[PDB]
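Asks: next input, structure requested:
(chains A, B, C, D and E, ligands or ions: 4)
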Amino acid sequence: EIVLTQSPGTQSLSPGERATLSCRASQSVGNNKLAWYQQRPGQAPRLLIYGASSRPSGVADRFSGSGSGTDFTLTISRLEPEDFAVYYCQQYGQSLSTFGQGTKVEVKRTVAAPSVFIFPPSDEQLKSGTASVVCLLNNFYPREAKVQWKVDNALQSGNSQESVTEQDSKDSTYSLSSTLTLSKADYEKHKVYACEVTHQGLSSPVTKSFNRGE
Amino acid sequence: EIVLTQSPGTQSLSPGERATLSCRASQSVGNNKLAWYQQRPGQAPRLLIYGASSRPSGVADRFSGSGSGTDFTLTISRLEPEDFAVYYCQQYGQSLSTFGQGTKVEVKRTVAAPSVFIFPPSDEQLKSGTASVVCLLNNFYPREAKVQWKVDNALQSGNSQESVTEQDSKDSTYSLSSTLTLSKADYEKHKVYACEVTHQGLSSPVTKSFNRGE
Amino acid sequence: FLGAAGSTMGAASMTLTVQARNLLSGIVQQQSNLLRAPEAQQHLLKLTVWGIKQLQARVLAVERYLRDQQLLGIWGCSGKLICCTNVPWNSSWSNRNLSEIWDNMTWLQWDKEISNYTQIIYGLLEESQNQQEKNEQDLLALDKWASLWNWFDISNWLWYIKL
Amino acid sequence: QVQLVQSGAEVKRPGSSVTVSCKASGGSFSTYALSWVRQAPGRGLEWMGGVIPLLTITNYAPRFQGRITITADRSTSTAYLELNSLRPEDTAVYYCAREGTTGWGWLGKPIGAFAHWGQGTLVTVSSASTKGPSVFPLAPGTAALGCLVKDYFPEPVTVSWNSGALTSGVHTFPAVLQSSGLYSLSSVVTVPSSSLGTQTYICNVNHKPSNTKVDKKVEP
Amino acid sequence: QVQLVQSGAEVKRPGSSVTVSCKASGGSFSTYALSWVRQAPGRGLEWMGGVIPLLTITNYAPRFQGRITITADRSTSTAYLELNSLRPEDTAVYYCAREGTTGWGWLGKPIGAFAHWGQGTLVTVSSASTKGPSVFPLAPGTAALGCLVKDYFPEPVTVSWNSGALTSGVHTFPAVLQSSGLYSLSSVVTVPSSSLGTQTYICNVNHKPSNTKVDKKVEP
Ligand SMILES: *[C@@H]1O[C@H](CO)[C@@H](O)[C@H](O)[C@H]1NC(C)=O
Ligand SMILES: *[C@@H]1O[C@H](CO)[C@@H](O)[C@H](O)[C@H]1NC(C)=O
Ligand SMILES: *[C@@H]1O[C@H](CO)[C@@H](O)[C@H](O)[C@H]1NC(C)=O
Ligand SMILES: *[C@@H]1O[C@H](CO)[C@@H](O)[C@H](O)[C@H]1NC(C)=O
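Replies: Numbering: from 1, shown residues only, chains lettered A, B, ... in the order given. Ligands and ions are numbered 1, 2, ... in the order given. And now the structure:
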């Protein structure tokens, strides 16, 4: 087994930057057989460079593979707003194979602070005995941050999972929505619902304070 | 895309007259990959000429193709009576292999007039609720037979099941008839039915005229 | 033989749609007259004038008609009248039009075009034929204890055995 | 030599699927292209599509991609043309248009033209039910009379005037599609009304989907 | 070109087995290595194994060997994959992919790379049965707002506000395989506070297997 291990992190580059990736493996693939696979979520993962050197008819020339032996290389000179996705490479050498680890390239604006909000649980689901306290992190950059809820003066981890959108191409920022599940009888008790969010832009953990009643 | 327009639309040709059929292509259909087809009722479209210069086995010798480059042409010098059906071409230079739409070679006789015997409606169809006013044109030349469905001596729209025969081999001519399809109590209140016809083998429209029940 | 040597290389594309217009068979088979009779003579004459002149002409033709076979051997083109190479059209400075060359230019004018750098091309060709191509081929079959063990290359093998 | 036998006639519904066949027997079946051509009855042709049997190399007509699945079989020597989402505007006669060749029968150089054909199958797509009609003769120097067959379903109807013995100017007519998707035909004979009260012109109407064999004398 | 119309996504009881299809169209079903790949819904990609239909060469998985079954049925020209022991960690998208060839076609020399592909369907096992959720006004210059499509079955729903008239500034959030046996979803947009009583923000949801598409008020 050849554990293919590409290793740049988030390729947070500006539109128009040289998208150079690490693109290595555990050991050397036989006969340099590597294919280059662009991928978008929900679409077809598409071949770029077959044999890691030659490109088919129809694939754009700005895709360009290089390297040999154990670790290959992909460079992309111009960064278009549609190529900002996750990139992999995959061996067709030894009879067993695995794909790339995952490198996301994005639109790069500067670092920023959000407009934080939290939703109280709605009465329409509270009358069924199902509370849901939902935070919101609107128009922040970068995506990577941390969310520490204070539900009755305590840390929560296991009920408030996180749903985070990718970089919306209009505003070039991200959006987070953490959602904790609860019931109505606990909603009659809990007064503190304050997600203490930490970020480059959220240096101090702020709240949008509300209690049981609004 | 290779588009085919068989030229001309039709050819009113006597048995023994020169048959100048042709089929027109748009782009380069290389290697002279055009054929010629013919369908008779009860038969399939039969390959009479393949390759647009080569000759199939079993076909007659007066069938011959001509033309090259982009446009091609079917040639028959003296027309035997079995050579009179719809005649298609077909390119098969590429994946898409569409046909010629069909230049039908029909027999040409001398001038022949129809016999317009318009019919009062039949009681076996009156009892079910349909007025069977029928106009019938027997043995006319040419195919240009334009009957006027003159409801109260005026052409309406929606009472014509237009069925015209093939050129019958008895006396080298066609036939045409169709039934009125209106309401029964509507026919009980009409005034006139007289299919004053129009043909190119006319000097005057032959007319029979009647009313409701007369 | 030589029948369209004055034509342009587009009308001498006609020459190499036939046996380079019969040039090679005219090279080796115009020997047939001195091949038919260096020996039909049964005469003494006690000395020979042609015994050196004909022999020198003969072995001159033979060594000239072997140097070219060895030079096609050294560029991997042995047997093939028309073969392609991995050497690119380099920085070589007669860079010009495709539809000028193979439409309106004779072979002789073409020889007048690239009369220089011809030994540069001849030195250049074997480099890409050998110094990496032969060494890449030497890299092919050395290390593969797993050459019997190939799992995702069967498709090319099947295609290849038919075409 | 080469034989191209299909299945029987089929009456279908919109949105459904039909499985028509073309059983080839005689000649090199696997090497030559086994294709398909539809035609609305008595009209022009456009190529439906076709595969090869040898490698199952396929290519569909780009106006039918996603609507057709053309199989190929090396046991039954057929092609199961499974047209999906049948349309009344794709109501057509489905000749299986095998490509042609030289020979020697069916084993020479193939030509790319469709020489060897099947008799075809008129797939009728309509949402009506089987109905047998009655007769409609027409009440009026050589005149003409006839017996109309209106209001029947489905195709066909076979007619005979005086049981095949009177062919003196018989004239059958092509079909028509009415406003409710309804089939009809007509058949007339150019005999006058003067020789009608002397000798009876009897018409015989049949409906082979339902086998209602009716005879009818025409009166003055 | 080469089209790989994979069969649809599926729901099924866990602990049982599963089958999926991949009907090719164009090129050749045989003589080229059709294969099969995975990707967990959020992870990178993962290759499993393939089949070569002319010689039934099966090149299976390093780990899933013994539980995977790939066939190739050229007589109806499809390709099936049969996995076993359905489970929440068999949940991945399963793309069917064919090897490409040099030149613009489907007949020449192959490349060794997964050039032409298929649409893919997420093969996710089902725990519960169907459930229509309820949609809420999530109360907050700029008033935040959401329509929590929470604890439903099955995935997915979409969210569009005022029948898609409000189109910019949208921020949906993906559905979760949560810890209740159901699925939840969130979706927010950005509106001002002063336009609460003037413009009524009415999100529209589309839960197609549970059949609930209600207009829902947001007037906090
Ligand atoms: C000589 O050149 C002319 C071009 O003007 C061409 O038409 C002709 O064929 C050439 N002759 C030969 C023998 O190639
Ligand atoms: C090549 O040369 C021909 C004249 O022989 C000229 O007509 C053509 O435009 C040239 N093409 C280019 C790209 O320069
Ligand atoms: C093309 O060839 C003709 C004769 O071979 C010559 O007269 C003419 O000058 C040539 N033109 C070019 C652009 O080479
Ligand atoms: C080619 O080489 C010759 C040497 O005989 C030289 O005189 C000439 O300048 C060179 N260049 C050309 C013809 O462009």
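Asks: need the residues of chain D near chain E, please.
Replies: In this structure, chain D approaches chain E at residues D:51, D:55-60, D:65-66, D:69-75, D:80, judged by C-beta under 8 Å from any C-beta of the partner chain. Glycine gets a C-beta too; all of them are placed from N, C-alpha and C.
Asks: ok, of those, which come out buried?
Replies: Among the residues of chain D next to chain E, those that count as buried by neighbour count (16 or more other C-beta atoms under 10 Å in any protein chain shown) are D:51, D:55-60, D:69-73, D:80.
Asks: for ligand 2, what's its nearest residue on chain A.
Replies: residue A:61 (20.7 Å; C-beta to the nearest ligand atom).
Asks: and chain D, what are its domain boundaries?
Replies: Residue ranges for the domains of chain D, per curated CATH domains: D:3-125, D:136-218.
Asks: how about the ones you listed in TSV, adding distance to residue E:116?
Replies: Output for these, formatted as TSV (distance: least, C-beta to C-beta, whole Å):
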stretch	distance to residue E:116
domain D:3-125	14
domain D:136-218	41
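Asks: can you list the ones you listed in a markdown table and add distance to chain C?
Replies: Below are these laid out as a markdown table (distance: least, C-beta to the nearest C-beta, whole Å):
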| stretch | distance to chain C |
| --- | --- |
| domain D:3-125 | 10 |
| domain D:136-218 | 48 |
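Asks: show me the helices in chain C, by range?
Replies: Along chain C, the segments classed as helices by DSSP state H run C:23-28, C:32-36, C:50-73, C:98-101, C:107-113, C:118-130, C:133-140, C:154-162.
Asks: what separation do you get for the closest residue to ligand 2 within chain D and chain B?
Replies: Among the residues of chain D, residue D:62 lies nearest to ligand 2; the distance is 34.1 Å by C-beta to the nearest ligand atom. As judged by C-beta to the nearest C-beta, to the nearest Å, residue D:62 and chain B stand 7 Å apart.
Asks: ditto for residue D:33
Replies: Distance of residue D:33 to chain B, computed by C-beta to the nearest C-beta: 10 Å.
Asks: ok, now which ones touch that residue?
Replies: By C-beta atoms under 8 Å, 6 or more residues apart in numbering or on different chains, the contact list for residue D:33 reads D:50-52, D:98-99, D:110.
Asks: show residues contacting stretch D:67-85.
Replies: Stretch D:67-85 has contacts (C-beta under 8 Å, 6+ apart) with D:14-25, D:29-30, D:34, D:36, D:48-53, D:56, D:58, D:60-61, D:64, D:66, D:90, D:94, D:96, E:23, E:25, E:74-77.
Asks: SS state for the residue in chain A that chain C sits nearest to?
Replies: Of chain A, the residue with the smallest distance to chain C, taken as C-beta to the nearest C-beta, is residue A:95 at 3.2 Å. Of the three states, residue A:95 takes coil under DSSP: H, G, I helix; E, B strand; the rest coil.
Asks: now it: closest residue in space, sequence neighbours ignored.
Replies: Once flanking residues are discounted, residue A:95 sits nearest to residue C:151: 3.2 Å by C-beta to C-beta, 6 or more residues apart in numbering or on different chains.
Asks: that neighbour: neighbouring residues, count only.
Replies: Neighbour count of residue C:151, defined by other C-beta atoms under 10 Å in any protein chain shown: 19.
Asks: equivalent analysis for residue A:208, please.
Replies: Neighbourhood size, residue A:208 [other C-beta under 10 Å]: 16.
Asks: quickly check: whichever strand or helix holds residue A:136 near chain E or not.
Replies: Following DSSP states H and E, one finds residue A:136 within strand A:131-140. Yes - where contact is defined by C-beta under 8 Å from any C-beta, part of strand A:131-140 touches chain E, namely A:132, A:134, A:136, A:138-139.
Asks: by contact count, what packs against that strand?
Replies: strand A:115-119, strand A:146-151, strand A:173-182, helix A:184-187, strand A:193-198, strand E:143-146, strand E:183-191 (3 or more C-beta pairs under 8 Å, 6 or more residues apart in numbering or on different chains; DSSP states H and E).
Asks: let me have these in a markdown table, adding distance to residue A:206 and mean neighbour count as columns.
Replies: Shown next, in a markdown table, are these (distance: least, C-beta to C-beta, whole Å; neighbours: other C-beta atoms under 10 Å in any protein chain shown):
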| stretch | distance to residue A:206 | mean neighbour count |
| --- | --- | --- |
| strand A:115-119 | 6 | 21 |
| strand A:146-151 | 12 | 17 |
| strand A:173-182 | 14 | 22 |
| helix A:184-187 | 23 | 14 |
| strand A:193-198 | 7 | 21 |
| strand E:143-146 | 15 | 23 |
| strand E:183-191 | 18 | 24 |
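Asks: among the ones you listed, which is nearest residue A:128?
Replies: helix A:184-187 (7.9 Å; C-beta to C-beta).
Asks: so how far is the closest one from its chain's centroid?
Replies: Relative to its chain's centre, helix A:184-187 lies at 34 Å (C-alpha atoms, centre = their mean, to the nearest Å).
Asks: quick check, it touching chain E?
Replies: No - Helix A:184-187 stays clear of chain E (C-beta under 8 Å from any C-beta), getting no nearer than 13.9 Å.
Asks: can you list contacts of that helix?
Replies: A:121, A:126-131, A:212.
Asks: which of those fall in helices?
Replies: Counting by DSSP H, the part of those found in helices is residue A:126.
Asks: stretch D:53-63 spans what distance, first to last residue?
Replies: For stretch D:53-63, the first and last residues are 23 Å from each other (C-alpha to C-alpha, to the nearest Å).
Asks: nearest to residue E:190, out of the helices of chain C?
Replies: Distance to residue E:190, taken as C-beta to C-beta, is lowest for helix C:154-162 among the helices of chain C, at 52.0 Å.
Asks: for residue D:49, what are its contacts?
Replies: With contact taken as C-beta under 8 Å, 6+ apart, residue D:49 is in contact with D:35-36, D:58-61, D:64, D:68, D:70.
Asks: what two of the contacts of helix A:184-187 have the greatest distance between them?
Replies: That would be A:128 and A:212, which, of these, are the farthest apart (C-beta to C-beta) at 17.0 Å.
Asks: compare the two and say which is more crowded by neighbours.
Replies: Each of residue A:128 and residue A:212 has its neighbours counted (other C-beta under 10 Å); residue A:212 has more, 15 against 12.
Asks: I'd say the more buried one and residue A:152 touch.
Replies: No - counting by C-beta atoms under 8 Å, residue A:212 sits too far from residue A:152 to count as a contact (10.8 Å).
Asks: returning to that earlier point: make CSV out of the helices and strands packed on strand A:131-140 and add distance to ligand 1.
Replies: As requested, these are arranged in CSV below (distance: least, C-beta to the nearest ligand atom, whole Å):
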stretch, distance to ligand 1
strand A:115-119, 79
strand A:146-151, 81
strand A:173-182, 69
helix A:184-187, 97
strand A:193-198, 82
strand E:143-146, 80
strand E:183-191, 74
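Asks: those: which one's closest to residue C:97?
Replies: Counting by C-beta to C-beta, and looking across all of the helices and strands packed on strand A:131-140, nearest comes strand A:173-182 at 52.8 Å.
Asks: great, nothing more from me.
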